[PDB]
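Each chain gets a letter, A, B, C, D, E, F and G, in the order it is written, and its residues are counted from 1.
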Amino acid sequence: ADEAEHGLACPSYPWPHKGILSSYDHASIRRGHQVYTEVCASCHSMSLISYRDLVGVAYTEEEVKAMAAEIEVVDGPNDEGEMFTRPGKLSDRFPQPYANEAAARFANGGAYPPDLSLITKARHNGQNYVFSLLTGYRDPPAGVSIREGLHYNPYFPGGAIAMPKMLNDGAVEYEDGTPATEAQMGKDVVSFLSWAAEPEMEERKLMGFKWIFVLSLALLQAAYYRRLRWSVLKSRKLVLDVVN
Amino acid sequence: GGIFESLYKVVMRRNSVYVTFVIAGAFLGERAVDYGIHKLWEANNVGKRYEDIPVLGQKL
Amino acid sequence: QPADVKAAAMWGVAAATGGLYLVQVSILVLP
Amino acid sequence: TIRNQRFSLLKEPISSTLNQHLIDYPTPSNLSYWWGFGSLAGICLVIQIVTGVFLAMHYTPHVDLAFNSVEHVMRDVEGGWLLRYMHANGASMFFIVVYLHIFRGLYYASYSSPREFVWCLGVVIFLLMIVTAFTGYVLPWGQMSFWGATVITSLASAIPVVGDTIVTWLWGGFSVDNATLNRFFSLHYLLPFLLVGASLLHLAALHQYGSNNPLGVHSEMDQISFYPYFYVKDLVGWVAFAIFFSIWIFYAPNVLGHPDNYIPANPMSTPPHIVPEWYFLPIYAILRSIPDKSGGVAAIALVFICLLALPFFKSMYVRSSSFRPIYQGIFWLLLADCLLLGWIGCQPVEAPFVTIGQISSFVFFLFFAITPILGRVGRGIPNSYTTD
Amino acid sequence: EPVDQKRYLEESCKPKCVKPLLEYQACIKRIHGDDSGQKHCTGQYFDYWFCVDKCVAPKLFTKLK
Amino acid sequence: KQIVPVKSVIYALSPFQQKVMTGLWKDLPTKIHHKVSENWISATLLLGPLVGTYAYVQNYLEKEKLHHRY
Amino acid sequence: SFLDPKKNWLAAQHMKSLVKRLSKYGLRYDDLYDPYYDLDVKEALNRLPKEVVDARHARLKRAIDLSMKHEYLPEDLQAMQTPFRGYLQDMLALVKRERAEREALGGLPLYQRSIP
C-alpha cells in the first residue's frame, strides 16, 4: 500500500525549455494560457500573475487590454462610499473563481483546488508530475475501489483525486490552427504553468551562461597570477647544512 | 613577443592609461560576449521567441 | 609641477571614464 | 629605527594595524588550498549580509503578507530574483564552506594546543550559524517553514522543570503564529552581526598563535607574509567558489531546496514529509535516532559537548594525520559516517533507517570516545620503534 | 480530432513491456480466484505502467507539435 | 611569536626568467600514479561504507516490496 | 600491554609506514613535537645542546620547503634518512619527572600556559 501512498513516479519528458540555452515556446505558452482561461480558470486561481505579465510573452498590449476589459473587478469606495465594479485594467491580476477557500471547498465537495501560480515548483518534479497527472487518468487495478465521488489517478499521491479528467479530447479550439489533443493541451498547459512559476528563466539562463564563461576566464587568469607570484619560492634552492 | 612588447610600451607606462585601458577593455569585452551569447541563443532556439507566433495580433 | 599637472589630468580622465562606464549615460549625452 | 619622518603609509598608525594583521602577518609557506575555506566563509557571510539587507528592504514580516512579499521580490522587483536566489543558495554555500573548514581542522588536528580557544569560538560560531539559518528559513512562511518551526520549537519542551513555559514564551502565544514570525524576523536581522563579531574574535585568537600547516610541525623557521603570496591563492579560491555559486544560482536555483515550501503555510494541514534543510540533516538524524525525545535533546547537547571537549584531550604529541595512519583511517570513517547520517535524515522514520541511524550515531560518538585512547597508546611509540 | 498521440504511443509500445503485463495478468487471475477480503496488487500495475511511460516519454514529444 | 633563523643559503630566480604553467602538466602520469597509490586506502574507507549501505538499503527495500506486494 | 614490532605484525606494519612517511619528508619522529604544544617540550629543547637543536630546526625547514614545493626528498638522502634515532625523549622524561616531583610535594609550576 506504501506504493499507492507515494504514487506512481512520472517519467522525464524532453521539454522544449529544458537545457542550458533553450527558451520557452511562446506559442505553446499562448495556447496553454488559452486552455487555462477556458477550462481551468473555473476552479483553480493564479492570483499571482498580473495581466501586465503577458505582454511581450504571449500577447500584445492591445490584446491584453481587450482581455482585461472583458472581465469586471470590484473597486474601492467611490465618493459616495459604496463599493462599485469597473472593467478590469492592464495592471489587475487574474480573477479568482471563488471568494474564499471555504467557498471553494463547498463547491468542490471538500477539496480545495490549489493555486496554480507555483504548481510546477510546489510539487516535486513539477512539470513531469503535472503533465502526467493531467494525462494519466487511467483505470484502477484489480481489487481497488475508489470511494464514490472521486476519480482514480495513479500519479496522484493517494491514488484517488477529486478532479475528474478535465483535459478531455476536443475541449478547446486553438486560435492558431493546432489540433487540440489531450497530449497537446497537456504540454501547452504545463508550458504556461512553468512560465507562470518562473518568468525569469530566459534572462536567468543568459546571465548564467555569460557569467560562467567569463568567470572561467577569470579563474584561468587567477591561476596564472598565483603561479607567477609563487614562482620565486617554488623554484629556489636552499643549502641547509644537514643531512639526516 | 614583439607584439606584446609593443603593446606594452603603448599602454603600460602610466597607471592612469592602464586603468583607462582596463575599463575600456572590460566594456568592449562585455558587449562582445553579450552579442556572441545572443547569437548562440538565436541559433539554438529558433521558432520560439515572442515575435514568432503566427497569431500574435489576432485576439481582437 | 607640469608633470604633476599632466598626471592629475590623466587620472581625472581615467576617473571620468570609469564613472561613465558605471552609469552608462549614452542615452543622456545629447551634445 | 627612529620614526622621525614618514617612510611608508602602510606603517603609519592609520594603516598600521591593517598592515600588520593583513599584509605582514607571517604564515607558513606550505599551506594548501584548504585554508582558503577559512578565508572564504567570511566572503560568504558578507554576501549573506548584503543580500539580506537589500531583501529586507522588500520583505514584510506579517503573517498575511510574507509569502506574497517574497513573490513580489521574485517578480516585480528589478533583479529581485537574483537577490533571493543569492540569499538562499548563499546560505547553502556558507554552510558548505564552513563544513569544509571544520573537516580540515579535524583532519589536521588544528583543534589541538594551543588553539583550544580558536576551536571553541568556532563551535560558538557554528551555533550562531545554525540558529540564524533556521530562524531565517522560517521567514518566507511556506508549509515547510511553518511546520519545521512548529516541530523544532515544540521539541524544546523536553526540559524537565520548565518545558512548556519556555515553549509558550518562545512562541509568543499557543502556536507558531504572527508573533513568532515577527520575533523570528527581528532575531534573524540581529544575529548575523554577532556572527561578524564572533568571526573577528576567531581570527584574533588564531592570529595570536598563528596558523597550522599540513605537516603539523612547528613552523616559525620558514614563513612568508600573507600579502601577496596567500592573497593570490585565496583569489583562486574565491573565483572557483564564484563559478560554483554562479552554477548554483543560474541553473539549479531550487535543487538544494524543498518544493513544499512554495505552498502558503496552512496550520490545519500537515505536509507528509517534514524535514529541515539539507545542512541540519545530520543533527536531525541523531535527534530522531535516539528515542525518548528528551534523550534526543540530550544527545543533541552531547554533540556540542563533544565538539567543545575535543581540544582538551590527552598528550597526542603528533597532530597532523599525515603521520597518523590509524587516525587517518578513523577520520575518513568519520567523514563517511557523517555523510551517511546526513543521508539518513531525509529518509522516513521507518525501517531499516531507524537501525541505520542508531548505528551511525553510535559510530559518530565513538569517534570522540576513541581518539584519547589513540593518543594515550601512541604516547609510547618512540620507545618501541627506536633503532638503538 | 479523435486521435491521441499519448494513447497511440502507449498502444505502440505495449509489446515492448510484455513481462510486467504478464505478471499483472497473472495477479488479476489470482485476485479474481481468491475474491475473499481486500487483497490487491497495484504493484504489478505500477511496474507495468512505469515501464510503459518510460518507453513513451521521448517519442511522445518528438511526435507532438 | 619569534622567528628562528636557520643559517641557510638560498638561491632564487626572477619570476620572469622561468616558465609558469608548464609544470602543471609536466610529468603527469607519475603524478596520477602517486595520487592513486598513496590514497586508495583513504578512498576505500570513504566510499566503501557509503556504497555498501546503499546496496544493503536497496536490497532490503526490494525484498520488502516483493514480500508485501501480495 | 606493550606491543613492539618484533612481537606484533600489525606494529611492524605501522612502524614501516611511519618510517616510510618520515623518510619521504626526511625528518625524525622527535621533530614532530611542537614546543608550543606542551611547554615541557619547550623546556626540554631549552636544555638540549645548540648543535642538536639547530639540526632539528634545519630538518624542519627542509621538510616545510619540500611540503611547499610538493615534492619529496631525493632517493639518495631518502635512503640516508634515520628516523626514530631519538634525541629528545630522555630529556623530556627527565623534565616531566622533575615537574611531577615538584607538583607532588608543595611547589609552584616553574612555567605555565597563558590563557589562552
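A few remarks follow.
The rule is simple: a contact is a pair of C-beta atoms (placed from the backbone, for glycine too) under 8 Å apart; a residue touches a chain by one contact, two chains touch by 3 or more.
Molecules present, by chain and UniProt name: A = Cytochrome c1-2, heme protein, mitochondrial; B = Complex III subunit 9; E = Cytochrome b-c1 complex subunit 6; F = Cytochrome b-c1 complex subunit 8; G = Cytochrome b-c1 complex subunit 7.
When each chain is reduced to the mean of its CA atoms, the one lying nearest the mean of all protein CA atoms is D.
Distance between chain B and chain G, defined via averaged C-alpha coordinates, is recorded as 60 Å.
For the pair chain E and chain G, the distance between C-alpha centroids works out to 72 Å.
Annotation: 34 Å between the Cα-based centres of chain D and chain G.
Looking at chain A, one finds that residues 3, 209, 223, 229, 233, 238, 240-241 touch two or more other chains. Multi-chain contact residues, meaning those touching two or more other chains, do not occur anywhere in chain C. Shared interface positions of chain E, defined as residues touching 2 or more other chains, are 27, 39-41, 43-44.
The set of touching chain pairs reads A-B, A-D, A-E, A-F, A-G, B-C, D-F, D-G, E-F, F-G, using the touch definition from the header.
Residues of chain A touching chain E in their complex: 3-4, 8-15, 132, 135-136, 138, 141-144, 154, 159, 169-170, 178-184, 186-187. Looking at the complex, you find that chain F touches chain E at residues 65, 69-70.
Those residues of chain A that touch chain B in the shared complex are 16, 19, 21-27, 30, 56-60, 62-63, 66-67, 175-177, 206, 209-210, 213-214. For chain A in complex with chain D, the touching residues are 20, 48, 53, 114-115, 117-118, 121-124, 126, 157, 199-200, 204-205, 207-209, 211-212, 215-216, 218-219, 222-223, 225-226, 229-230, 233. Residue ranges on chain F touching chain G, taken from their complex, read 4, 6-8.
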